[PDB]
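The chain below stands alone and is given in structure tokens; this is the form deposited in one PDB entry.
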């Protein structure tokens, strides 16, 4: 059976060896097609480095798809990858790190898919947490970071359609594309009364918002902040300005390890190509270059997407949403404790929340 090229790109220190070894289910494909996996290491995660690296791969080898993992908190990596995916019409999976941080409004012709929960799923997990502990009165803070509308709308849609006594008191929109020399964001935050605050922003943005919130007394007891996965990010990196008592929904390899993810990424791309080949007696030819995409555009399509989103493998449903997220991720609820460590305090599985505590101990 013919071989398709899959680049696995690893940014930052990695057990390459544990990774190769988990893919020894390579004797693991009984499909119309078999993977030819090439580990590439990358040191840098700026736009140029990421683009040139993938383009060089694509021109020195026939790449049917890319599996991408990094060890950064850089959500912009997801955006760069979507861009690259759409321009070259190459499947890219962001399975870990910045690459897996929510990218809202992917390009129409993107073939970029992320391990991790959608924005709207996280939003609903947050409300489930709040419902558990009868925290019905809350406000929202977001930046202009893409997704923030989907976040706010999802909350609003949920609570307006429910007979629970939700009270959404205030919704702040913080513009962090301008400097804060007029103390604008301070004056906005000062407006917050609610005991629960939902925050949607990036990790670096939260770092600043928390600093300001502290200055006006909003991070202590009486105030509980809840953030999504991308704010917590890498849980071994905890900014000093993050307040103890911070709650997050999280996906950062707790039970789902990188090796297992790379194995699943390879499988998804390989199953998808096999499925298309079996039905249409071709697959899309790997792009010879990025630098000729304007010419070759009528000759290319995102056909392979409909298969990429509907893979089951070794018994497990690895479906994506068409919005480009994992369908049924096992999520971990985590809490930043007195020792500034992130701590498991709940699981979200089978659209069901299982929390550790009935009453929150002091931290």
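So that the term is clear: the rigid core is the largest set of C-alpha atoms that superpose within 1.5 Å between two forms. Positions refer to the first chain, counted from 1.
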query: Unresolved residue 25 in a third or more of other entries flanked by modelled residues; finding: yes
query: Of 271 to 279 and 111 to 119, the stretch whose C-alpha atoms average the higher B-factor in the entry; finding: 271 to 279
query: Higher-scoring stretch by recorded Cα B factor average, 42 to 50 or 297 to 305; finding: 297 to 305
query: Which of 83, 221, 200, 208 ranks first by CA B-factor in the deposited coordinates; finding: 221
query: Chain-wide C-alpha B factor ranking for residue 9, given as lowest, middle or highest third; finding: lowest
query: Residue 92 CA temperature factor, ranked by third within the chain; finding: lowest
query: For residue 323, the third of its chain into which the C-alpha B factor falls; finding: highest
query: Cα B factor band for residue 34 (lowest, middle or highest third within the chain); finding: highest
query: Residue 135 CA temperature factor, ranked by third within the chain; finding: middle
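Quick note: we don't show the form deposited in another entry, though the next part is all about it.
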| query | finding |
| --- | --- |
| Rigid core superposition between this form and the one not shown: residue from 297, 338, 306, 328 with Cα shift of 2 Å or more | 297 |
| In that other deposited form, shift in Cα separation for residue 108 relative to residue 298, 3 Å or more | closer |
| Note on residue 300-residue 304 C-alpha separation in that other deposited form, which departs from the shown form by 3 angstroms or more | closer |
